[PDB]
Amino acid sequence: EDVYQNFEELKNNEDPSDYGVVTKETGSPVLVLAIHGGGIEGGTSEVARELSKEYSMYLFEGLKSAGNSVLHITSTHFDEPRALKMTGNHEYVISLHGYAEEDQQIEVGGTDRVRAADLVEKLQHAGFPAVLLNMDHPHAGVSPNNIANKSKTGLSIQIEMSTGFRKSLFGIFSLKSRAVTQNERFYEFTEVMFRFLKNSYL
């Protein structure tokens, strides 16, 4: 259970300096969505920001020194207005998440079954620890109420990255220092993603 039931509630209870909404609109069909950025699911801000070099981006980040877990709103409740706008303005959505787990793993779900499977094959071929989640899996992200699915098509890819995988991409795994300690494994991962996104959406 989240602390807040929707964005309006979070906005009314939290100081505006303790979170940040960040957008980049390029007209790309694909939107990169990271609604649990900053300290909420560490590393998702950095992956989103790197992909935003080629793709439109929506980012919601928790900016507290601690206690960012209170800022987590599950995808089916996440209704921040700038996210509703940007998702509706795009054809397809890739949404980035983190979950708790020491082993390195990436779970790939979403409503776009064909492209999710293709992504998992490309990740595995490239040497990353990706599994395809199917429709009855809990991290599947297939609800129409899921922010990632409120696009022009309803087709999403949901990328859920374990703590271990996320910690592997940074010299120093802190709010302050991830963005300035991205390592060779960070760029290798984001390269596989850029390669995939350019090919899979034409």
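Position 1 is the first residue in the sequence shown; the rest follow in order.
S.K.: Out of 134 to 142 and 57 to 65, which one has CA B-factors that are higher on average in the deposited record?
M.R.: Stretch with the greater average CA B-factor: 134 to 142.
S.K.: Mean CA B-factor: is it higher for 96 to 104 or for 80 to 88?
M.R.: Taking the mean B-factor of the alpha carbons in each, 96 to 104 is higher.
S.K.: Looking at the entry's B-factor column for C-alpha atoms only, identify whether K176 ranks in the lowest, middle or highest third of its chain.
M.R.: CA B-factor rank for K176: highest third.
S.K.: Could you look up the Cα B-factor of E14 in the entry and say which third of the chain it sits in: lowest, middle or highest?
M.R.: For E14, the deposited C-alpha B-factor lands in the middle third.
S.K.: State the tercile, meaning the lowest, middle or highest third, of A126 with respect to the CA B-factors recorded for its chain.
M.R.: Ranked within chain, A126 CA B lands in the highest tercile.
S.K.: Classify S156 as lowest, middle or highest third according to the C-alpha B-factor given in the PDB entry, relative to its own chain.
M.R.: Lowest third - that is where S156 ends up once the chain's C-alpha B-factors are sorted.
S.K.: Using the B-factors in the PDB entry, rank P29's C-alpha atom against the chain and give the third, lowest, middle or highest.
M.R.: For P29, the deposited C-alpha B-factor lands in the highest third.
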